[PDB]
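Engineer: This is the structure I want to talk about, given as C-alpha cells.
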Amino acid sequence: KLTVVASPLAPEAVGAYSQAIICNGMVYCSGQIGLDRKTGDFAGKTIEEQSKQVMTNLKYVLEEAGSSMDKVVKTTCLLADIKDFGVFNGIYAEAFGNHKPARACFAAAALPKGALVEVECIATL
Amino acid sequence: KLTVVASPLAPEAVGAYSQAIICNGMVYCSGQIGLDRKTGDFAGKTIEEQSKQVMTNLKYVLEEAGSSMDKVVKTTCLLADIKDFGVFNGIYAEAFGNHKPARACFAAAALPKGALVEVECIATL
Amino acid sequence: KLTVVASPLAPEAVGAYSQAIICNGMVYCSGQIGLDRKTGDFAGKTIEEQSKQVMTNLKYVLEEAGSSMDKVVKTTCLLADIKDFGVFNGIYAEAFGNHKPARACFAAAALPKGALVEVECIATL
Ligand SMILES: [Cl-]
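So the sequences go chain by chain: A, B and C. Going by the UniProt record's numbering, the first residue of the first sequence is number 3, and it counts up by one from there. Going by the UniProt record's numbering, the first residue of the second sequence is number 3, and it counts up by one from there. Going by the UniProt record's numbering, the first residue of the third sequence is number 3, and it counts up by one from there.
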C-alpha cells in the first residue's frame, strides 16, 4: 500500500510524479531541485541558493511524510557542475547536522530546468 | 531472500545483472533501455521510440515480478540529452496513467549502447 | 532506527556521509570510489584498478554491515567514460560472481575527485 506525500511547502508535483511515496515504512523522495513552491521558480541563480532550497525542499517533503532529516537512510546528490561539490557539500552538511546518511554523488550532463543541483533520498518513518 | 525476475518480454539479462530482484516485499528493477526484445535492438533511434519501449519494458518486468506500474514507488529517469525532458515526461506519464511515483530525472553524459534514455525503479508487491 | 556502517577497511566516511546505513533489514551503501584506505588515495589511475578497488570497498561495507555481495539487490554503476563500460563490467561480474543484482549503468559528466568509476548499492541483511 502506497501513500502520496504532498507537502504544500515543497515544489508541487505537477506531472506524473509525487514529491514522495511512502511504502513498507519507508519514504522515497523524488529528486528535488531548487525551486520555490511559492514562485514555481528557482530560489536563485547560484549553487548556494539552489542547494539551500533543495535541502529545504527535501526537509519539507520528509516532514510532511512523517519522517525527518534524521531519518534519511540514503541520498543521491546530482550536480550540474562537479566544481560545485564542496559548496553544495557544506550546505548539505549544515542541512543534515549530525546525521550522516549514505550518499551517492556525481555531476550530471545537465538537470531539469537548467537546475544546478538535484537531491533525492530514501528515509524511514 | 532474493528472487530473480526474468520476463520473457523484457530485453534479456545477458550479463551480470537481473532485470529485477524481489526482496522484502519490494521489486528493484534494473535500468531499462529502449531495446525491444522482439527486434533485439533499440525500438527506434528517436527519444520518443526508446522511451515508449523503456516504459513498456519496465511494465513487463514489474508484472513479471508480481508487481505493476501502479505499485511503482520510485523511478529514476536518465537521458542522453536534457532537451528530451518534456517529450520524455509525456511518454512517461502516458505509461503510468493516474499513478504518480516518486521520481528523479537527469541527463547523463551517456548511456550504455548509445541509448537516449534509461529508466530504473523500485516498486512494491 | 538507523545503524551507521563504518568499516575500517573501506575508505573513511569523512564528512557528512556514512559508508552505508542499515535500515529496516536493508543496507543502503554510499557510492564507493576506488580509494584504497591503506594508501589514502586512488588504488590507481586506470579504470581497471579503480573498478577493482571500488568492488573491494563495497564488499567491506556490506560485510561490515552484516551483508555480502550475495545479498545485493540493486547497484548503480557510474562511469566517468561510457567506453569503460566493457572493462568495468567484467570486473563487476568477477566481484559478484554468480550473483546478479538488479543494476543501473550510466556515464556521469564527472565523479567525486576525478574518479573514473563509482558504485552504490542496496542489499539485504
Ligand atoms: Cl565476496
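Every residue, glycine too, gets a C-beta built ideally from N, C-alpha and C.
#1: Give a yes or no on whether the C-beta atoms belonging to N91(B) and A22(A) are separated by under 8 angstroms.
#2: In this structure, what does DSSP give as the bridge partners for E122(B)?
#3: Chain B partners of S32(A), CB-CB under 7 angstroms?
#4: Give the single residue among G116(C), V75(C), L81(C) and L80(C) whose Cα lies nearest to the Cα of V29(C).
#5: Roughly how many angstroms lie between the CA atoms of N59(A) and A112(B), to the nearest whole one?
#6: Tell me which residues of the stretch 42-66 of chain A have at least one Cβ-Cβ distance to chain B shorter than 8 angstroms, keeping chain order.
#7: Let me know the secondary structure DSSP gives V89(C) once reduced to three states.
#8: How big is the Cα-Cα spacing for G42(A) and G116(C)?
#9: With C-beta atoms as the reference, is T126(B) less than 8 angstroms away from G27(B)?
#10: Where do the N-terminal and C-terminal ends of the alpha helix (DSSP H) with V63(B) fall, by residue?
#11: When you compare only the Cα positions, how much space is there between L118(C) and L37(C)?
#12: Quick check on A97(C) - is its C-beta less than 8 angstroms from some C-beta in chain A?
#13: Tell me, please, which residues DSSP counts as bridged to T5(C).
#14: If we define contact as Cβ-Cβ less than 8 angstroms, is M71(C) a contact residue for chain B?
#15: Since I believe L80(A) is in contact with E120(A) (beta carbons under 8 angstroms), could you give me their beta-carbon distance rounded to a whole number of angstroms?
#16: Any heavy atom of ligand 1 closer than 7 angstroms to the CB of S70(C)?
#17: Whole angstroms are fine: how far does the CA of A95(C) sit from the CA of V16(B)?
#18: Could you pull out every residue in the same chain whose Cβ sits closer than 8 angstroms to the Cβ of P13(A), ignoring the five residues on either side in sequence?
#19: Could you tell me the alpha carbon to alpha carbon distance between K102(B) and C31(A), rounded to whole angstroms?
#20: Could you pull the start and end residues of the beta strand (DSSP E) that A104(B) belongs to?
#21: With a cut-off of 8 angstroms on the beta carbons, I'd call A97(C) and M71(C) a contact; round off their distance for me.
#22: Are there 16 or more other CB atoms within 10 angstroms of the CB of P10(A), so buried, or fewer, so exposed?
#23: At a cut-off of 7 angstroms, would you count residue 166(C) as near ligand 1, judging by its Cβ distance to the nearest heavy atom?
#24: Identify whether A117(B) lies in helix, strand or coil by the three-state DSSP scheme.
#25: Could you give the distance in angstroms between the alpha-carbon of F44(C) and the alpha-carbon of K85(B)?
#26: With H, G and I counted as helix, E and B as strand and the rest as coil, what does DSSP make of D43(C)?
#27: Check the Cβ of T78(A) against every Cβ in chain B and list those closer than 9 angstroms, keeping chain order.
#28: Just tell me which of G46(A), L4(A), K73(A) and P114(A) has its CA closest to the CA of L4(C).
#29: Determine which residues share a DSSP beta bridge with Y94(A) and list them.
#30: Please state whether the Cβ-Cβ distance between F108(A) and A67(C) is less than 8 angstroms.
#31: Can you check DSSP and say which residues form a bridge with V29(A)?
#32: So, using beta-carbon positions, are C25(A) and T77(A) closer together than 8 angstroms?
#33: Find the residues of chain C that neighbour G27(A), judging by a C-beta separation of less than 7 angstroms, and give them in chain order.
Structural biologist: Once the coordinates are examined:
#1: Residue 91(B) sits at position 89 when you count from the first residue of the second sequence. Residue 22(A) sits at position 20 when you count from the first residue of the first sequence. No.
#2: As a first step, residue 122(B) must be located in the second sequence, where it is residue number 120. Its beta-bridge partners are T78(B).
#3: Here residue 32(A) refers to the residue found at position 30 when the first sequence is read from its first residue. Annotation: Cβ neighbours of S32(A) in chain B (cutoff 7 angstroms, chain order): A104, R105 and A106.
#4: By 1-based counting over the third sequence, the position of residue 29(C) is 27. Minimum Cα distance to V29(C) is reached at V75(C).
#5: Position 57 of the first sequence, counted from the first residue, corresponds to residue 59(A). Position 110 of the second sequence, counted from the first residue, corresponds to residue 112(B). Between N59(A) and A112(B), the C-alpha separation is close to 28 angstroms.
#6: Flagged: no residues at all.
#7: Residue mapping note: residue 89(C) aligns to position 87 of the third sequence, counting from 1. Three-state DSSP puts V89(C) in a helix.
#8: On the first sequence, residue 42(A) is found 40 positions in, with the first residue counted as 1. On the third sequence, residue 116(C) is found 114 positions in, with the first residue counted as 1. Rounded to whole angstroms, the gap between the alpha carbons of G42(A) and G116(C) is 34 angstroms.
#9: Along the second sequence, one-based indexing puts residue 126(B) at 124. Along the second sequence, one-based indexing puts residue 27(B) at 25. Cβ distance < 8 angstroms, so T126(B) and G27(B) count as in contact.
#10: Mapped onto the second sequence, residue 63(B) falls at position 61. Segment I49 to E66, the alpha helix (DSSP H) holding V63(B).
#11: Walking along the third sequence from the start, residue 118(C) turns up at place 116. Walking along the third sequence from the start, residue 37(C) turns up at place 35. Between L118(C) and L37(C), the C-alpha separation is close to 11 angstroms.
#12: Residue 97(C) sits at position 95 when you count from the first residue of the third sequence. Chain A, which has no Cβ nearer than 8 angstroms to the Cβ of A97(C), makes this no.
#13: Numbered from 1 along the third sequence, position 3 holds the residue referred to as residue 5(C). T5(C) is bridged to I24(C).
#14: Within the third sequence, residue 71(C) is the residue found at index 69, counting from 1. No, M71(C) lies away from the interface with chain B (no Cβ there is under 8 angstroms from its Cβ).
#15: Taking the first residue of the first sequence as position 1, residue 120(A) is located at position 118. Taking the first residue of the first sequence as position 1, residue 80(A) is located at position 78. About 4 angstroms separates the two Cβ atoms, so the contact holds.
#16: One-based indexing of the third sequence puts residue 70(C) at position 68. The answer is yes for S70(C).
#17: Locating residue 16(B) in the second sequence gives position 14, where the first residue counts as 1. Locating residue 95(C) in the third sequence gives position 93, where the first residue counts as 1. Cα to Cα, the separation comes out at about 12 angstroms.
#18: Residue 13(A) sits at position 11 when you count from the first residue of the first sequence. Correct list, in chain order: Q21, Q34, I35, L37, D38, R39, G42 and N59.
#19: Sequence index remark: in the second sequence, residue 102(B) carries index 100 (1-based). Sequence index remark: in the first sequence, residue 31(A) carries index 29 (1-based). So the two alpha carbons sit approximately 12 angstroms from each other.
#20: Along the second sequence, read from residue 1 onward, the residue named residue 104(B) stands at position 102. Per DSSP, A104(B) belongs to the beta strand (DSSP E) from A104 to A109.
#21: For the purposes of this step, residue 97(C) is taken as the residue at position 95 of the third sequence. For the purposes of this step, residue 71(C) is taken as the residue at position 69 of the third sequence. Correct: roughly 6 angstroms between the Cβ atoms.
#22: Locating residue 10(A) in the first sequence gives position 8, where the first residue counts as 1. Under this definition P10(A) is an exposed residue.
#23: There is no way to answer for residue 166(C), as the model of chain C reaches only from 3 to 127.
#24: For this step, residue 117(B) is matched to residue 115 along the second sequence. Coil, per DSSP.
#25: Taking the first residue of the third sequence as 1, we reach residue 44(C) at position 42. Taking the first residue of the second sequence as 1, we reach residue 85(B) at position 83. Spanning the two alpha carbons is a distance of roughly 35 angstroms.
#26: In the third sequence, counting from the first residue as 1, residue 43(C) sits at position 41. Strand.
#27: Position 76 of the first sequence, counting from 1, holds the residue named residue 78(A). Within 9 angstroms Cβ-Cβ: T78 and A106.
#28: The residue you call residue 4(C) lines up with position 2 of the third sequence. Looking at the Cα atoms, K73(A) is the closest of the given residues.
#29: To locate residue 94(A), count along the first sequence from 1; it is residue 92. Looking at the DSSP assignment, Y94(A) forms no beta bridge with any residue, so it has no partner.
#30: As a working note, residue 108(A) is residue 106 in the first sequence. As a working note, residue 67(C) is residue 65 in the third sequence. One thing to note: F108(A) has its Cβ no nearer than 8 angstroms to the Cβ of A67(C).
#31: Residue mapping note: residue 29(A) aligns to position 27 of the first sequence, counting from 1. Answer is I24(A) and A125(A).
#32: For this step, residue 25(A) is matched to residue 23 along the first sequence. For this step, residue 77(A) is matched to residue 75 along the first sequence. Going by C-beta atoms, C25(A) is not nearer than 8 angstroms to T77(A).
#33: For the purposes of this step, residue 27(A) is taken as residue 25 along the first sequence, with counting starting at 1. Going along chain C in sequence order, the residues near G27(A) (Cβ under 7 angstroms) are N26.
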